[PDB]
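K.L.:
Provided herewith: run-v4.pdb, PDB, C-alpha atoms (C1' of nucleotides).
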```
ATOM      1  CA  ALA A   1     -12.046   3.082   8.303  1.00  0.00           C
ATOM      2  CA  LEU A   2      -8.551   2.091   7.300  1.00  0.00           C
ATOM      3  CA  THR A   3      -6.951   5.200   5.800  1.00  0.00           C
ATOM      4  CA  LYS A   4      -3.805   5.736   3.769  1.00  0.00           C
ATOM      5  CA  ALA A   5      -2.756   7.971   6.650  1.00  0.00           C
ATOM      6  CA  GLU A   6      -2.893   4.808   8.742  1.00  0.00           C
ATOM      7  CA  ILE A   7      -0.832   3.019   6.085  1.00  0.00           C
ATOM      8  CA  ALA A   8       1.715   5.848   6.286  1.00  0.00           C
ATOM      9  CA  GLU A   9       1.732   5.386  10.070  1.00  0.00           C
ATOM     10  CA  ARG A  10       2.031   1.595   9.869  1.00  0.00           C
ATOM     11  CA  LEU A  11       4.845   1.983   7.338  1.00  0.00           C
ATOM     12  CA  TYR A  12       6.751   4.304   9.655  1.00  0.00           C
ATOM     13  CA  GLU A  13       6.162   1.988  12.604  1.00  0.00           C
ATOM     14  CA  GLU A  14       6.942  -1.378  11.009  1.00  0.00           C
ATOM     15  CA  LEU A  15       9.497  -0.555   8.305  1.00  0.00           C
ATOM     16  CA  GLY A  16      10.937   2.595   9.883  1.00  0.00           C
ATOM     17  CA  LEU A  17      10.659   4.683   6.712  1.00  0.00           C
ATOM     18  CA  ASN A  18       9.839   8.283   7.570  1.00  0.00           C
ATOM     19  CA  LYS A  19       6.144   9.095   7.332  1.00  0.00           C
ATOM     20  CA  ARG A  20       6.780  12.073   5.048  1.00  0.00           C
ATOM     21  CA  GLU A  21       8.178   9.879   2.271  1.00  0.00           C
ATOM     22  CA  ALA A  22       5.986   6.911   3.246  1.00  0.00           C
ATOM     23  CA  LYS A  23       2.846   8.908   2.465  1.00  0.00           C
ATOM     24  CA  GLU A  24       4.213   9.780  -0.971  1.00  0.00           C
ATOM     25  CA  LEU A  25       5.133   6.126  -1.522  1.00  0.00           C
ATOM     26  CA  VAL A  26       1.619   4.880  -0.813  1.00  0.00           C
ATOM     27  CA  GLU A  27      -0.001   7.704  -2.777  1.00  0.00           C
ATOM     28  CA  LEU A  28       2.241   7.009  -5.782  1.00  0.00           C
ATOM     29  CA  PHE A  29       1.353   3.311  -5.700  1.00  0.00           C
ATOM     30  CA  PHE A  30      -2.285   4.471  -5.448  1.00  0.00           C
ATOM     31  CA  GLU A  31      -1.783   6.830  -8.387  1.00  0.00           C
ATOM     32  CA  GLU A  32      -0.029   4.387 -10.714  1.00  0.00           C
ATOM     33  CA  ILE A  33      -2.733   1.776 -10.087  1.00  0.00           C
ATOM     34  CA  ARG A  34      -5.161   4.440 -11.309  1.00  0.00           C
ATOM     35  CA  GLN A  35      -2.905   5.174 -14.276  1.00  0.00           C
ATOM     36  CA  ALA A  36      -2.983   1.489 -15.225  1.00  0.00           C
ATOM     37  CA  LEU A  37      -6.767   1.166 -15.126  1.00  0.00           C
ATOM     38  CA  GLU A  38      -7.192   4.598 -16.755  1.00  0.00           C
ATOM     39  CA  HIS A  39      -5.173   3.251 -19.693  1.00  0.00           C
ATOM     40  CA  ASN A  40      -7.455   0.180 -19.706  1.00  0.00           C
ATOM     41  CA  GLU A  41      -4.311  -1.730 -18.691  1.00  0.00           C
ATOM     42  CA  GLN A  42      -5.804  -4.617 -16.734  1.00  0.00           C
ATOM     43  CA  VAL A  43      -4.080  -4.811 -13.345  1.00  0.00           C
ATOM     44  CA  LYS A  44      -3.394  -8.360 -12.214  1.00  0.00           C
ATOM     45  CA  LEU A  45      -2.534  -9.370  -8.664  1.00  0.00           C
ATOM     46  CA  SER A  46      -1.677 -12.559  -6.777  1.00  0.00           C
ATOM     47  CA  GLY A  47      -1.929 -13.065  -3.061  1.00  0.00           C
ATOM     48  CA  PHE A  48      -4.664 -10.456  -3.551  1.00  0.00           C
ATOM     49  CA  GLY A  49      -7.710  -9.959  -5.702  1.00  0.00           C
ATOM     50  CA  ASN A  50      -7.209  -8.158  -8.982  1.00  0.00           C
ATOM     51  CA  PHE A  51      -8.585  -5.349 -11.121  1.00  0.00           C
ATOM     52  CA  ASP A  52     -10.630  -5.977 -14.266  1.00  0.00           C
ATOM     53  CA  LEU A  53     -12.603  -3.563 -16.442  1.00  0.00           C
ATOM     54  CA  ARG A  54     -16.010  -4.822 -17.584  1.00  0.00           C
ATOM     55  CA  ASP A  55     -17.978  -3.433 -20.538  1.00  0.00           C
ATOM     56  CA  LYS A  56     -21.507  -3.436 -19.147  1.00  0.00           C
ATOM     57  CA  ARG A  57     -24.391  -3.713 -21.607  1.00  0.00           C
ATOM     58  CA  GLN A  58     -27.551  -1.614 -21.749  1.00  0.00           C
ATOM     59  CA  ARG A  59     -29.627  -2.349 -18.652  1.00  0.00           C
ATOM     60  CA  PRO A  60     -32.940  -1.143 -17.206  1.00  0.00           C
ATOM     61  CA  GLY A  61     -32.675   1.384 -14.391  1.00  0.00           C
ATOM     62  CA  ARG A  62     -35.056   3.224 -12.120  1.00  0.00           C
ATOM     63  CA  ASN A  63     -35.809   5.932  -9.656  1.00  0.00           C
ATOM     64  CA  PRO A  64     -36.173   3.548  -6.692  1.00  0.00           C
ATOM     65  CA  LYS A  65     -38.116   6.124  -4.655  1.00  0.00           C
ATOM     66  CA  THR A  66     -40.552   6.933  -7.488  1.00  0.00           C
ATOM     67  CA  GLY A  67     -40.577   3.755  -9.590  1.00  0.00           C
ATOM     68  CA  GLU A  68     -39.712   5.708 -12.737  1.00  0.00           C
ATOM     69  CA  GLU A  69     -37.517   3.804 -15.193  1.00  0.00           C
ATOM     70  CA  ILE A  70     -34.316   5.216 -16.700  1.00  0.00           C
ATOM     71  CA  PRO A  71     -32.053   3.323 -19.136  1.00  0.00           C
ATOM     72  CA  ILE A  72     -28.535   2.482 -17.980  1.00  0.00           C
ATOM     73  CA  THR A  73     -26.104   3.198 -20.804  1.00  0.00           C
ATOM     74  CA  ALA A  74     -23.443   0.690 -21.792  1.00  0.00           C
ATOM     75  CA  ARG A  75     -20.207   1.611 -20.052  1.00  0.00           C
ATOM     76  CA  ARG A  76     -16.743   0.377 -19.113  1.00  0.00           C
ATOM     77  CA  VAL A  77     -16.296   0.275 -15.330  1.00  0.00           C
ATOM     78  CA  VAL A  78     -13.601  -1.239 -13.137  1.00  0.00           C
ATOM     79  CA  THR A  79     -14.451  -4.516 -11.397  1.00  0.00           C
ATOM     80  CA  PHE A  80     -12.176  -6.110  -8.799  1.00  0.00           C
ATOM     81  CA  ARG A  81     -12.158  -9.883  -8.319  1.00  0.00           C
ATOM     82  CA  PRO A  82     -11.077 -11.031  -4.836  1.00  0.00           C
ATOM     83  CA  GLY A  83      -8.700 -13.968  -4.857  1.00  0.00           C
ATOM     84  CA  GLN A  84      -9.152 -17.189  -2.940  1.00  0.00           C
ATOM     85  CA  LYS A  85      -6.211 -16.336  -0.668  1.00  0.00           C
ATOM     86  CA  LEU A  86      -7.952 -13.079   0.256  1.00  0.00           C
ATOM     87  CA  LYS A  87     -11.339 -14.780   0.520  1.00  0.00           C
ATOM     88  CA  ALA A  88      -9.874 -17.466   2.790  1.00  0.00           C
ATOM     89  CA  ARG A  89      -8.381 -14.710   4.934  1.00  0.00           C
ATOM     90  CA  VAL A  90     -11.670 -12.761   5.012  1.00  0.00           C
ATOM     91  CA  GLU A  91     -14.267 -15.544   5.174  1.00  0.00           C
ATOM     92  CA  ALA A  92     -14.964 -15.397   8.920  1.00  0.00           C
ATOM     93  CA  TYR A  93     -14.648 -12.789  11.672  1.00  0.00           C
ATOM     94  CA  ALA A  94     -16.631 -11.107  14.455  1.00  0.00           C
ATOM     95  CA  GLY A  95     -20.317 -12.059  14.699  1.00  0.00           C
ATOM     96  CA  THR A  96     -22.322  -9.492  12.717  1.00  0.00           C
ATOM     97  CA  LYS A  97     -23.323  -9.061   9.086  1.00  0.00           C
ATOM     98  CA  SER A  98     -21.424  -6.596   6.907  1.00  0.00           C
TER      99      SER A  98
ATOM    100  CA  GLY B   1      -0.990  -6.522 -21.958  1.00  0.00           C
ATOM    101  CA  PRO B   2      -1.838  -6.407 -18.255  1.00  0.00           C
ATOM    102  CA  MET B   3       0.073  -4.868 -15.387  1.00  0.00           C
ATOM    103  CA  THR B   4       1.118  -7.095 -12.488  1.00  0.00           C
ATOM    104  CA  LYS B   5       2.442  -6.486  -8.991  1.00  0.00           C
ATOM    105  CA  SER B   6       5.907  -7.527 -10.174  1.00  0.00           C
ATOM    106  CA  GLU B   7       5.663  -4.806 -12.837  1.00  0.00           C
ATOM    107  CA  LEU B   8       4.308  -2.240 -10.390  1.00  0.00           C
ATOM    108  CA  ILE B   9       7.425  -2.808  -8.282  1.00  0.00           C
ATOM    109  CA  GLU B  10       9.714  -1.784 -11.136  1.00  0.00           C
ATOM    110  CA  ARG B  11       7.588   1.091 -12.415  1.00  0.00           C
ATOM    111  CA  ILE B  12       7.239   2.690  -8.979  1.00  0.00           C
ATOM    112  CA  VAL B  13      10.978   2.131  -8.540  1.00  0.00           C
ATOM    113  CA  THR B  14      11.546   4.120 -11.737  1.00  0.00           C
ATOM    114  CA  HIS B  15       9.165   6.964 -10.827  1.00  0.00           C
ATOM    115  CA  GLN B  16      10.390   7.130  -7.198  1.00  0.00           C
ATOM    116  CA  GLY B  17      13.986   5.942  -7.473  1.00  0.00           C
ATOM    117  CA  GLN B  18      15.133   8.259  -4.683  1.00  0.00           C
ATOM    118  CA  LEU B  19      13.618   5.726  -2.280  1.00  0.00           C
ATOM    119  CA  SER B  20      15.494   2.449  -1.992  1.00  0.00           C
ATOM    120  CA  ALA B  21      14.018  -0.099  -4.400  1.00  0.00           C
ATOM    121  CA  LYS B  22      13.538  -2.623  -1.622  1.00  0.00           C
ATOM    122  CA  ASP B  23      12.132  -0.081   0.797  1.00  0.00           C
ATOM    123  CA  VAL B  24       9.571   0.229  -1.999  1.00  0.00           C
ATOM    124  CA  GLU B  25       8.609  -3.421  -2.327  1.00  0.00           C
ATOM    125  CA  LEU B  26       8.892  -3.795   1.452  1.00  0.00           C
ATOM    126  CA  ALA B  27       6.465  -0.870   1.727  1.00  0.00           C
ATOM    127  CA  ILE B  28       4.146  -2.091  -0.941  1.00  0.00           C
ATOM    128  CA  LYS B  29       3.716  -5.685   0.151  1.00  0.00           C
ATOM    129  CA  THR B  30       3.382  -4.566   3.762  1.00  0.00           C
ATOM    130  CA  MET B  31       0.621  -2.147   2.744  1.00  0.00           C
ATOM    131  CA  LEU B  32      -1.180  -4.875   0.794  1.00  0.00           C
ATOM    132  CA  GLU B  33      -0.800  -7.027   3.911  1.00  0.00           C
ATOM    133  CA  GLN B  34      -2.210  -4.168   6.000  1.00  0.00           C
ATOM    134  CA  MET B  35      -5.316  -3.642   3.877  1.00  0.00           C
ATOM    135  CA  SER B  36      -5.983  -7.378   3.548  1.00  0.00           C
ATOM    136  CA  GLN B  37      -5.586  -7.717   7.322  1.00  0.00           C
ATOM    137  CA  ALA B  38      -8.012  -4.842   7.866  1.00  0.00           C
ATOM    138  CA  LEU B  39     -10.559  -6.708   5.765  1.00  0.00           C
ATOM    139  CA  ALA B  40      -9.829  -9.940   7.653  1.00  0.00           C
ATOM    140  CA  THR B  41     -10.599  -8.037  10.881  1.00  0.00           C
ATOM    141  CA  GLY B  42     -13.948  -6.809   9.562  1.00  0.00           C
ATOM    142  CA  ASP B  43     -13.150  -3.161   8.842  1.00  0.00           C
ATOM    143  CA  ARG B  44     -13.811  -0.554   6.187  1.00  0.00           C
ATOM    144  CA  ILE B  45     -11.156   0.465   3.771  1.00  0.00           C
ATOM    145  CA  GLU B  46     -12.221   3.972   2.751  1.00  0.00           C
ATOM    146  CA  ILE B  47     -10.253   6.660   0.911  1.00  0.00           C
ATOM    147  CA  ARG B  48     -10.989   9.714  -1.241  1.00  0.00           C
ATOM    148  CA  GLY B  49     -10.895   9.905  -5.025  1.00  0.00           C
ATOM    149  CA  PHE B  50      -9.895   6.261  -5.336  1.00  0.00           C
ATOM    150  CA  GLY B  51     -13.104   4.920  -3.833  1.00  0.00           C
ATOM    151  CA  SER B  52     -13.846   2.566  -0.962  1.00  0.00           C
ATOM    152  CA  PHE B  53     -13.046  -1.121  -0.497  1.00  0.00           C
ATOM    153  CA  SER B  54     -15.238  -3.016   1.854  1.00  0.00           C
ATOM    154  CA  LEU B  55     -16.864  -6.297   2.897  1.00  0.00           C
ATOM    155  CA  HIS B  56     -20.085  -8.167   2.135  1.00  0.00           C
ATOM    156  CA  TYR B  57     -21.816 -11.258   3.509  1.00  0.00           C
ATOM    157  CA  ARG B  58     -23.174 -14.497   2.047  1.00  0.00           C
ATOM    158  CA  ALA B  59     -25.765 -16.617   3.832  1.00  0.00           C
ATOM    159  CA  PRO B  60     -25.489 -20.403   4.191  1.00  0.00           C
ATOM    160  CA  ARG B  61     -26.887 -22.270   1.205  1.00  0.00           C
ATOM    161  CA  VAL B  62     -26.990 -25.678  -0.468  1.00  0.00           C
ATOM    162  CA  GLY B  63     -24.803 -25.197  -3.516  1.00  0.00           C
ATOM    163  CA  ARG B  64     -23.193 -28.072  -5.348  1.00  0.00           C
ATOM    164  CA  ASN B  65     -20.678 -29.074  -7.873  1.00  0.00           C
ATOM    165  CA  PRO B  66     -20.655 -27.693 -11.432  1.00  0.00           C
ATOM    166  CA  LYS B  67     -18.621 -30.777 -12.394  1.00  0.00           C
ATOM    167  CA  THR B  68     -20.360 -33.556 -10.441  1.00  0.00           C
ATOM    168  CA  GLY B  69     -23.557 -31.859  -9.261  1.00  0.00           C
ATOM    169  CA  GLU B  70     -23.313 -33.361  -5.761  1.00  0.00           C
ATOM    170  CA  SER B  71     -24.928 -31.556  -2.835  1.00  0.00           C
ATOM    171  CA  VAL B  72     -22.563 -29.349  -0.824  1.00  0.00           C
ATOM    172  CA  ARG B  73     -23.584 -27.467   2.312  1.00  0.00           C
ATOM    173  CA  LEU B  74     -22.040 -24.039   2.890  1.00  0.00           C
ATOM    174  CA  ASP B  75     -21.883 -21.878   6.006  1.00  0.00           C
ATOM    175  CA  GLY B  76     -22.269 -18.119   6.083  1.00  0.00           C
ATOM    176  CA  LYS B  77     -19.145 -16.164   5.222  1.00  0.00           C
ATOM    177  CA  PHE B  78     -17.855 -12.728   4.249  1.00  0.00           C
ATOM    178  CA  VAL B  79     -16.380 -11.591   0.932  1.00  0.00           C
ATOM    179  CA  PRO B  80     -14.517  -8.486  -0.198  1.00  0.00           C
ATOM    180  CA  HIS B  81     -16.158  -5.849  -2.364  1.00  0.00           C
ATOM    181  CA  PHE B  82     -14.943  -2.713  -4.121  1.00  0.00           C
ATOM    182  CA  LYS B  83     -16.670   0.421  -5.395  1.00  0.00           C
ATOM    183  CA  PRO B  84     -14.584   2.834  -7.496  1.00  0.00           C
ATOM    184  CA  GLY B  85     -14.398   6.452  -6.434  1.00  0.00           C
ATOM    185  CA  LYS B  86     -15.723   9.003  -8.869  1.00  0.00           C
ATOM    186  CA  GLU B  87     -12.220  10.310  -9.617  1.00  0.00           C
ATOM    187  CA  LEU B  88     -10.924   6.875 -10.601  1.00  0.00           C
ATOM    188  CA  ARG B  89     -14.379   6.095 -11.998  1.00  0.00           C
ATOM    189  CA  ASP B  90     -14.137   8.945 -14.514  1.00  0.00           C
ATOM    190  CA  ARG B  91     -10.419   8.382 -15.136  1.00  0.00           C
ATOM    191  CA  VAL B  92     -11.152   4.825 -16.326  1.00  0.00           C
ATOM    192  CA  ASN B  93     -14.294   5.934 -18.213  1.00  0.00           C
ATOM    193  CA  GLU B  94     -13.108   6.670 -21.750  1.00  0.00           C
TER     194      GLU B  94
ATOM    195  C1'  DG C   1      58.290   2.213  21.596  1.00  0.00           C
ATOM    196  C1'  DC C   2      58.743   6.899  21.401  1.00  0.00           C
ATOM    197  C1'  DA C   3      57.426  12.161  20.532  1.00  0.00           C
ATOM    198  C1'  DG C   4      54.076  14.338  18.252  1.00  0.00           C
ATOM    199  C1'  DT C   5      49.779  15.864  16.518  1.00  0.00           C
ATOM    200  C1'  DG C   6      44.832  15.921  15.562  1.00  0.00           C
ATOM    201  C1'  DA C   7      40.203  13.716  16.447  1.00  0.00           C
ATOM    202  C1'  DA C   8      36.550  12.516  19.754  1.00  0.00           C
ATOM    203  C1'  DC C   9      34.773  14.250  23.683  1.00  0.00           C
ATOM    204  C1'  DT C  10      32.933  17.038  27.841  1.00  0.00           C
ATOM    205  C1'  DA C  11      27.416  20.733  29.936  1.00  0.00           C
ATOM    206  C1'  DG C  12      24.390  23.268  29.608  1.00  0.00           C
ATOM    207  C1'  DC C  13      23.004  26.756  27.276  1.00  0.00           C
ATOM    208  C1'  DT C  14      19.975  29.924  24.748  1.00  0.00           C
ATOM    209  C1'  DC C  15      19.027  30.607  20.350  1.00  0.00           C
ATOM    210  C1'  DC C  16      17.558  29.205  16.066  1.00  0.00           C
ATOM    211  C1'  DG C  17      15.421  25.970  12.233  1.00  0.00           C
ATOM    212  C1'  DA C  18      12.781  22.264  11.172  1.00  0.00           C
ATOM    213  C1'  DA C  19       9.520  18.239  11.105  1.00  0.00           C
ATOM    214  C1'  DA C  20       5.947  17.020  14.178  1.00  0.00           C
ATOM    215  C1'  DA C  21       1.711  17.244  15.881  1.00  0.00           C
ATOM    216  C1'  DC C  22      -3.004  19.213  15.889  1.00  0.00           C
ATOM    217  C1'  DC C  23      -7.498  21.764  14.020  1.00  0.00           C
ATOM    218  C1'  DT C  24     -10.935  22.755  10.269  1.00  0.00           C
ATOM    219  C1'  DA C  25     -14.282  22.229   6.277  1.00  0.00           C
ATOM    220  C1'  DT C  26     -16.069  19.400   3.279  1.00  0.00           C
ATOM    221  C1'  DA C  27     -15.971  16.536  -1.124  1.00  0.00           C
ATOM    222  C1'  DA C  28     -15.955  12.185  -1.647  1.00  0.00           C
ATOM    223  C1'  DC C  29     -17.958   8.360   0.319  1.00  0.00           C
ATOM    224  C1'  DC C  30     -22.138   5.950   3.313  1.00  0.00           C
ATOM    225  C1'  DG C  31     -27.110   4.395   3.525  1.00  0.00           C
ATOM    226  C1'  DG C  32     -31.534   3.997   1.817  1.00  0.00           C
ATOM    227  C1'  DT C  33     -34.663   2.755  -2.178  1.00  0.00           C
ATOM    228  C1'  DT C  34     -36.493  -0.842  -7.539  1.00  0.00           C
ATOM    229  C1'  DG C  35     -35.810  -4.515 -10.523  1.00  0.00           C
ATOM    230  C1'  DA C  36     -34.440  -6.546 -15.360  1.00  0.00           C
ATOM    231  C1'  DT C  37     -30.189  -7.022 -17.208  1.00  0.00           C
ATOM    232  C1'  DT C  38     -25.610  -8.923 -16.627  1.00  0.00           C
ATOM    233  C1'  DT C  39     -22.146 -10.499 -13.613  1.00  0.00           C
ATOM    234  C1'  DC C  40     -20.414 -13.683 -10.050  1.00  0.00           C
ATOM    235  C1'  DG C  41     -19.904 -18.149  -7.834  1.00  0.00           C
ATOM    236  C1'  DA C  42     -20.860 -23.656  -5.081  1.00  0.00           C
ATOM    237  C1'  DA C  43     -15.740 -28.179  -5.995  1.00  0.00           C
ATOM    238  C1'  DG C  44     -11.851 -29.216  -7.537  1.00  0.00           C
ATOM    239  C1'  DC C  45      -8.366 -30.903 -10.726  1.00  0.00           C
ATOM    240  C1'  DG C  46      -5.027 -29.364 -14.402  1.00  0.00           C
ATOM    241  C1'  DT C  47      -2.661 -25.515 -16.537  1.00  0.00           C
ATOM    242  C1'  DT C  48      -0.288 -21.122 -16.311  1.00  0.00           C
ATOM    243  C1'  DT C  49       1.496 -17.369 -14.065  1.00  0.00           C
ATOM    244  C1'  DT C  50       2.944 -14.674 -10.441  1.00  0.00           C
ATOM    245  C1'  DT C  51       5.582 -13.296  -6.915  1.00  0.00           C
ATOM    246  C1'  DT C  52       7.738 -14.447  -3.504  1.00  0.00           C
ATOM    247  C1'  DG C  53      12.172 -16.333  -2.124  1.00  0.00           C
ATOM    248  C1'  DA C  54      17.027 -17.099  -3.297  1.00  0.00           C
ATOM    249  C1'  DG C  55      21.379 -16.312  -4.611  1.00  0.00           C
ATOM    250  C1'  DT C  56      24.504 -13.240  -6.622  1.00  0.00           C
ATOM    251  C1'  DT C  57      26.836 -10.778 -10.406  1.00  0.00           C
ATOM    252  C1'  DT C  58      27.004  -6.661 -11.892  1.00  0.00           C
ATOM    253  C1'  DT C  59      26.436  -2.019 -11.679  1.00  0.00           C
ATOM    254  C1'  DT C  60      26.199   2.067  -9.522  1.00  0.00           C
ATOM    255  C1'  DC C  61      27.196   5.192  -5.980  1.00  0.00           C
ATOM    256  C1'  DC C  62      29.975   7.622  -2.723  1.00  0.00           C
ATOM    257  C1'  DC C  63      34.270   8.820  -0.839  1.00  0.00           C
TER     258       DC C  63
END
```
Could I get this file's structure written as structure tokens?
P.N.:
Amino acid sequence: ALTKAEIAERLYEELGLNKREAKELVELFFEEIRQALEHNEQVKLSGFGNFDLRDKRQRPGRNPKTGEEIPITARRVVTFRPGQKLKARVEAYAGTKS
Amino acid sequence: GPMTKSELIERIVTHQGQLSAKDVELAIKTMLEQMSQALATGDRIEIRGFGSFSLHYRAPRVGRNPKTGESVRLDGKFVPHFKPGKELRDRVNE
DNA sequence: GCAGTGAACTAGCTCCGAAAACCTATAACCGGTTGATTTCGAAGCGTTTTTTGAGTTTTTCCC
């Protein structure tokens, strides 16, 4: 996978900023994004998809391997909407399903 | 109100001022470029706590216009997807 | 332009201090299941905003 260690490496390589502080830079950006959504502060991005929080309603659930049914409680969960610029970048590649 | 990338730039710059402000935006738009490029190359994006951010596929289908309702053929394509990691999951779960 | 000084510089060294590079376990994430509920989206034009770029004026910092 792509890893924030690999971001720290890329940031050293391409910008030249030392990896020690680069790792803290990425992890702080990755922490403040969490702080925003944790506060229910919708995070809104352009040139990139963005971060919404959806209040899901009561839904039927199951044990898929037994067929037992369990209710799914209403909940607020984060939902990220890819943008058309990102979709256009991602639409086609390689030759196998993902 | 909502947070934006332009507001991220300034808030990071306040909580990590010891780094040059523009080394920060430089870093932050390059790292968004990096992750978007990784998706465009058909790769995971997996981390811990946060979650994982990944790819999915759509098969070709005959959709057509919500406005006009005129047949439109579509080829198979990939789309981004995101699952929140249980740490962020529970942080955003009030 | 001169007499004068002080700063930049030389090789190779052990020796010492530090950031760099590498190993490990494993908790979070990956994959598989069902299926009724909600969420998301096929085109594309107009509206609204970002965020990138664009210049720079001002402020702040360091010396």
K.L.:
Find the residues in chain A near chain C: any atom within 8 Å counts, using all atoms listed in the file. Write them as a ChimeraX atom specification.
P.N.:
/A:45-46,56-65,67
K.L.:
I'd like the residues picked by the PyMOL selection byres ((chain A) within 9 of (chain B)) written out as a PyMOL selection string, using the chain letters and numbers from the file.
P.N.:
chain A and resi 1-4+7-8+10-11+14-15+17+21-22+25-26+28-46+48-49+53+75-82+86-94+97-98
K.L.:
Put those residues in a file: C-alpha atoms, as a PDB file, in the frame of the given file.
P.N.:
```pdb
ATOM      1  CA  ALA A   1     -12.046   3.082   8.303  1.00  0.00           C
ATOM      2  CA  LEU A   2      -8.551   2.091   7.300  1.00  0.00           C
ATOM      3  CA  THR A   3      -6.951   5.200   5.800  1.00  0.00           C
ATOM      4  CA  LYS A   4      -3.805   5.736   3.769  1.00  0.00           C
ATOM      5  CA  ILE A   7      -0.832   3.019   6.085  1.00  0.00           C
ATOM      6  CA  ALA A   8       1.715   5.848   6.286  1.00  0.00           C
ATOM      7  CA  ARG A  10       2.031   1.595   9.869  1.00  0.00           C
ATOM      8  CA  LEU A  11       4.845   1.983   7.338  1.00  0.00           C
ATOM      9  CA  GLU A  14       6.942  -1.378  11.009  1.00  0.00           C
ATOM     10  CA  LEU A  15       9.497  -0.555   8.305  1.00  0.00           C
ATOM     11  CA  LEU A  17      10.659   4.683   6.712  1.00  0.00           C
ATOM     12  CA  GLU A  21       8.178   9.879   2.271  1.00  0.00           C
ATOM     13  CA  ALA A  22       5.986   6.911   3.246  1.00  0.00           C
ATOM     14  CA  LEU A  25       5.133   6.126  -1.522  1.00  0.00           C
ATOM     15  CA  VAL A  26       1.619   4.880  -0.813  1.00  0.00           C
ATOM     16  CA  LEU A  28       2.241   7.009  -5.782  1.00  0.00           C
ATOM     17  CA  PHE A  29       1.353   3.311  -5.700  1.00  0.00           C
ATOM     18  CA  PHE A  30      -2.285   4.471  -5.448  1.00  0.00           C
ATOM     19  CA  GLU A  31      -1.783   6.830  -8.387  1.00  0.00           C
ATOM     20  CA  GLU A  32      -0.029   4.387 -10.714  1.00  0.00           C
ATOM     21  CA  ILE A  33      -2.733   1.776 -10.087  1.00  0.00           C
ATOM     22  CA  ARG A  34      -5.161   4.440 -11.309  1.00  0.00           C
ATOM     23  CA  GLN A  35      -2.905   5.174 -14.276  1.00  0.00           C
ATOM     24  CA  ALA A  36      -2.983   1.489 -15.225  1.00  0.00           C
ATOM     25  CA  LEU A  37      -6.767   1.166 -15.126  1.00  0.00           C
ATOM     26  CA  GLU A  38      -7.192   4.598 -16.755  1.00  0.00           C
ATOM     27  CA  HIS A  39      -5.173   3.251 -19.693  1.00  0.00           C
ATOM     28  CA  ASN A  40      -7.455   0.180 -19.706  1.00  0.00           C
ATOM     29  CA  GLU A  41      -4.311  -1.730 -18.691  1.00  0.00           C
ATOM     30  CA  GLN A  42      -5.804  -4.617 -16.734  1.00  0.00           C
ATOM     31  CA  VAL A  43      -4.080  -4.811 -13.345  1.00  0.00           C
ATOM     32  CA  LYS A  44      -3.394  -8.360 -12.214  1.00  0.00           C
ATOM     33  CA  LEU A  45      -2.534  -9.370  -8.664  1.00  0.00           C
ATOM     34  CA  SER A  46      -1.677 -12.559  -6.777  1.00  0.00           C
ATOM     35  CA  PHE A  48      -4.664 -10.456  -3.551  1.00  0.00           C
ATOM     36  CA  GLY A  49      -7.710  -9.959  -5.702  1.00  0.00           C
ATOM     37  CA  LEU A  53     -12.603  -3.563 -16.442  1.00  0.00           C
ATOM     38  CA  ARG A  75     -20.207   1.611 -20.052  1.00  0.00           C
ATOM     39  CA  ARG A  76     -16.743   0.377 -19.113  1.00  0.00           C
ATOM     40  CA  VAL A  77     -16.296   0.275 -15.330  1.00  0.00           C
ATOM     41  CA  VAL A  78     -13.601  -1.239 -13.137  1.00  0.00           C
ATOM     42  CA  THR A  79     -14.451  -4.516 -11.397  1.00  0.00           C
ATOM     43  CA  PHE A  80     -12.176  -6.110  -8.799  1.00  0.00           C
ATOM     44  CA  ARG A  81     -12.158  -9.883  -8.319  1.00  0.00           C
ATOM     45  CA  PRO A  82     -11.077 -11.031  -4.836  1.00  0.00           C
ATOM     46  CA  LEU A  86      -7.952 -13.079   0.256  1.00  0.00           C
ATOM     47  CA  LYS A  87     -11.339 -14.780   0.520  1.00  0.00           C
ATOM     48  CA  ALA A  88      -9.874 -17.466   2.790  1.00  0.00           C
ATOM     49  CA  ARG A  89      -8.381 -14.710   4.934  1.00  0.00           C
ATOM     50  CA  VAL A  90     -11.670 -12.761   5.012  1.00  0.00           C
ATOM     51  CA  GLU A  91     -14.267 -15.544   5.174  1.00  0.00           C
ATOM     52  CA  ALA A  92     -14.964 -15.397   8.920  1.00  0.00           C
ATOM     53  CA  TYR A  93     -14.648 -12.789  11.672  1.00  0.00           C
ATOM     54  CA  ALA A  94     -16.631 -11.107  14.455  1.00  0.00           C
ATOM     55  CA  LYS A  97     -23.323  -9.061   9.086  1.00  0.00           C
ATOM     56  CA  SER A  98     -21.424  -6.596   6.907  1.00  0.00           C
TER      57      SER A  98
END
```
K.L.:
Could you state which residues are captured by the PyMOL selection byres ((chain C) within 10 of (chain B)) in this file, as a VMD selection string?
P.N.:
chain C and resid 27 to 30 41 to 44 50 to 52
K.L.:
Report, in Å with one decimal, the straight-line distance from atom CA of residue A:9 to atom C1' of residue C:18.
P.N.:
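Going from atom CA of residue A:9 over to atom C1' of residue C:18 covers 20.2 Å.
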K.L.:
Would you mind reading off the distance between atom CA of residue A:84 and atom CA of residue A:50, one decimal, in Å?
P.N.:
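Answer for the atom CA of residue A:84 to atom CA of residue A:50 separation: 11.0 Å.
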K.L.:
So the first atom is atom CA of residue A:12 and the second is atom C1' of residue C:21; what is the distance between them in Å, to one decimal place?
P.N.:
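Between these atoms lies a distance of 15.2 Å.
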K.L.:
Draw an axis-aligned box over all listed atoms of stretch 7-20 of chain C, pad each side with 8 Å, and write its centre and edge lengths in Å, one decimal, as AutoDock Vina command-line options.
P.N.:
```
--center_x 23.1 --center_y 21.6 --center_z 20.5 --size_x 50.3 --size_y 34.1 --size_z 34.8
```
